[PDB]
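Asks:
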Amino acid sequence: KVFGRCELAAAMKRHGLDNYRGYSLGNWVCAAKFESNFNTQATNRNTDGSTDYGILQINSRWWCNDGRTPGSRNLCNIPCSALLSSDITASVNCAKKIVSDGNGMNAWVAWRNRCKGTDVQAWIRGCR
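Quick look at the structure:
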(Lines of atoms letter the chains of each structure in order from A; the text may use other names.)
(Lines give C-alpha, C1' and ligand atoms only; values in the text may rest on other atoms or scores of the structure.)
Protein backbone atom coordinates (compact mmCIF):
# COMPACT_ATOMS: atom_id res chain seq x y z
CA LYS A 1 0.00 0.00 0.00
CA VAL A 2 1.16 3.53 -0.84
CA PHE A 3 -0.22 5.80 1.89
CA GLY A 4 -1.25 9.35 1.22
CA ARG A 5 0.64 11.94 3.25
CA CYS A 6 -2.24 12.95 5.53
CA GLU A 7 -3.52 9.36 5.60
CA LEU A 8 -0.20 8.21 7.06
CA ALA A 9 -0.12 11.16 9.48
CA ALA A 10 -3.55 10.16 10.85
CA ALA A 11 -2.53 6.51 11.15
CA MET A 12 0.73 7.37 12.90
CA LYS A 13 -1.12 9.67 15.32
CA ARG A 14 -3.77 7.06 16.13
CA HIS A 15 -0.96 4.59 16.89
CA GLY A 16 0.68 7.02 19.35
CA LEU A 17 3.73 8.16 17.36
CA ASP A 18 2.99 11.90 17.54
CA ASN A 19 5.42 13.31 20.14
CA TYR A 20 6.67 9.80 20.95
CA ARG A 21 10.06 10.15 22.65
CA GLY A 22 9.71 13.87 21.95
CA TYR A 23 9.50 13.58 18.15
CA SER A 24 6.57 15.53 16.68
CA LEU A 25 4.32 13.89 14.09
CA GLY A 26 6.01 15.68 11.18
CA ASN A 27 9.34 14.05 12.00
CA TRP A 28 7.75 10.62 11.54
CA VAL A 29 5.96 11.53 8.32
CA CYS A 30 9.15 13.05 6.92
CA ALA A 31 11.12 9.93 7.89
CA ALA A 32 8.62 7.65 6.17
CA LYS A 33 8.61 9.85 3.06
CA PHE A 34 12.34 9.56 2.56
CA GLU A 35 12.78 5.98 3.81
CA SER A 36 9.99 4.36 1.77
CA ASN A 37 8.10 7.08 -0.14
CA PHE A 38 5.07 6.00 1.96
CA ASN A 39 5.12 2.49 0.39
CA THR A 40 4.54 -0.26 2.95
CA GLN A 41 6.09 -2.86 0.61
CA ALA A 42 9.50 -1.19 0.21
CA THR A 43 12.56 -3.40 0.70
CA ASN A 44 16.22 -2.48 0.26
CA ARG A 45 19.32 -4.62 0.69
CA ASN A 46 22.33 -3.18 2.53
CA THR A 47 26.00 -3.91 1.87
CA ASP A 48 26.36 -5.79 5.18
CA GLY A 49 23.85 -8.42 3.99
CA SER A 50 20.92 -7.09 6.01
CA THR A 51 17.77 -5.71 4.41
CA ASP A 52 15.49 -2.82 5.43
CA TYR A 53 11.74 -3.43 5.42
CA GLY A 54 8.61 -1.37 5.19
CA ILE A 55 7.35 2.17 5.58
CA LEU A 56 10.10 2.94 8.14
CA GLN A 57 12.82 0.70 6.62
CA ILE A 58 13.46 -1.43 9.71
CA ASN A 59 16.69 -3.46 9.58
CA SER A 60 17.04 -7.26 9.64
CA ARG A 61 20.33 -7.33 11.56
CA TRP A 62 18.96 -5.89 14.82
CA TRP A 63 15.19 -5.57 14.73
CA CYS A 64 13.30 -8.17 12.64
CA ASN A 65 14.01 -11.70 11.37
CA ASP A 66 14.29 -12.35 7.63
CA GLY A 67 16.13 -15.67 7.87
CA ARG A 68 19.07 -14.60 5.69
CA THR A 69 20.95 -12.00 7.78
CA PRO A 70 24.14 -12.94 9.66
CA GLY A 71 24.20 -11.89 13.30
CA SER A 72 20.46 -11.17 13.43
CA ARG A 73 19.07 -10.25 16.86
CA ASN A 74 15.32 -9.80 16.14
CA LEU A 75 14.84 -7.33 19.01
CA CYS A 76 11.27 -6.57 17.89
CA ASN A 77 10.49 -10.33 17.83
CA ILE A 78 8.73 -10.17 14.46
CA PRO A 79 9.26 -11.61 10.95
CA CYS A 80 10.46 -8.86 8.62
CA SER A 81 7.64 -9.65 6.15
CA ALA A 82 5.15 -8.59 8.84
CA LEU A 83 6.57 -5.06 8.52
CA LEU A 84 5.32 -4.93 4.91
CA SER A 85 1.61 -5.09 5.80
CA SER A 86 -0.90 -2.44 4.80
CA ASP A 87 -1.61 -2.17 8.55
CA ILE A 88 1.29 -0.20 10.04
CA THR A 89 0.78 -1.46 13.62
CA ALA A 90 3.80 -3.78 13.62
CA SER A 91 6.08 -1.17 12.08
CA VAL A 92 4.98 1.40 14.67
CA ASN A 93 5.53 -0.94 17.62
CA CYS A 94 9.02 -1.77 16.39
CA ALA A 95 9.86 1.87 15.55
CA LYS A 96 8.91 2.83 19.12
CA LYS A 97 11.56 0.40 20.34
CA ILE A 98 14.20 1.61 17.85
CA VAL A 99 13.74 5.29 18.74
CA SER A 100 14.05 4.42 22.45
CA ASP A 101 17.39 2.61 21.96
CA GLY A 102 19.61 5.61 22.75
CA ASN A 103 20.16 7.53 19.49
CA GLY A 104 16.62 8.79 19.00
CA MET A 105 15.60 9.24 15.39
CA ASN A 106 19.27 9.28 14.24
CA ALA A 107 18.66 5.54 13.76
CA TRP A 108 16.99 6.54 10.46
CA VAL A 109 19.74 7.81 8.16
CA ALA A 110 17.27 9.46 5.80
CA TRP A 111 15.70 11.29 8.75
CA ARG A 112 19.13 12.52 9.86
CA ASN A 113 20.12 13.67 6.38
CA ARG A 114 16.80 14.96 5.03
CA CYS A 115 14.48 15.81 7.97
CA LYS A 116 16.56 16.71 11.04
CA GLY A 117 16.85 20.48 11.37
CA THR A 118 14.23 21.19 8.69
CA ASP A 119 10.68 22.55 8.93
CA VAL A 120 9.13 19.15 9.58
CA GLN A 121 5.71 20.69 10.33
CA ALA A 122 5.29 21.12 6.57
CA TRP A 123 4.73 17.35 6.34
CA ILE A 124 1.45 17.64 8.27
CA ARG A 125 0.32 21.01 6.86
CA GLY A 126 -3.13 20.91 5.31
CA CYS A 127 -4.10 17.74 7.19
CA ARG A 128 -7.09 17.63 9.53
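Take the sequence shown: its letters are residues 1 to 128, numbered as in PDB author numbering.
Note that beta-carbon positions come from the ideal geometry of N, C-alpha and C, so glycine has one too.
Where does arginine 45 fall in DSSP's three states?
Replies: For the purposes of this step, residue 45 is taken as residue 45 along the sequence shown, with counting starting at 1. Residue state, collapsed to three classes: strand.
Asks: Quick check on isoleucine 124: does DSSP put it in helix, strand or coil?
Replies: Locating residue 124 in the sequence shown gives position 124, counting from the first residue. When secondary structure is reduced to three states using DSSP, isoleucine 124 falls in the helix class.
Asks: Secondary structure at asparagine 59, three-state DSSP: helix, strand or coil?
Replies: Taking the first residue of the sequence shown as 1, we reach residue 59 at position 59. It is a strand residue.
Asks: Roughly how many angstroms lie between the CA atoms of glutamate 7 and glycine 54, to the nearest whole one?
Replies: Within the sequence shown, residue 7 is the residue found at index 7, counting from 1. Within the sequence shown, residue 54 is the residue found at index 54, counting from 1. Whole-angstrom Cα-Cα distance: 16 Å.
Asks: Please tell me whether, using a cut-off of 6 Å, the distance from the CB of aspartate 18 to the nearest non-hydrogen atom of the ligand FAD is below it.
Replies: Among the components modelled here there is no ligand, and therefore nothing to report on the ligand FAD.
Asks: Under DSSP, the beta strand (DSSP E) around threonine 51 begins and ends at which residues?
Replies: Taking the sequence shown and counting its residues from 1, one reaches residue 51 at position 51. First-last of the beta strand (DSSP E) with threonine 51: 51 to 53.
Asks: Tell me whether the stretch 71 to 78 and the stretch 105 to 116 touch, counting them as touching only if at least three CB pairs, one residue from each stretch, are closer than 8 Å.
Replies: no
Asks: When DSSP builds the beta bridges, which residues end up paired with residue 129?
Replies: Residue 129 falls outside the range modelled here, since the chain spans only 1 to 128, and no answer is possible.
Asks: Can you tell me where the alpha helix (DSSP H) holding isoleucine 98 begins and where it ends?
Replies: Within the sequence shown, residue 98 is the residue found at index 98, counting from 1. First-last of the alpha helix (DSSP H) with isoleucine 98: 89 to 99.
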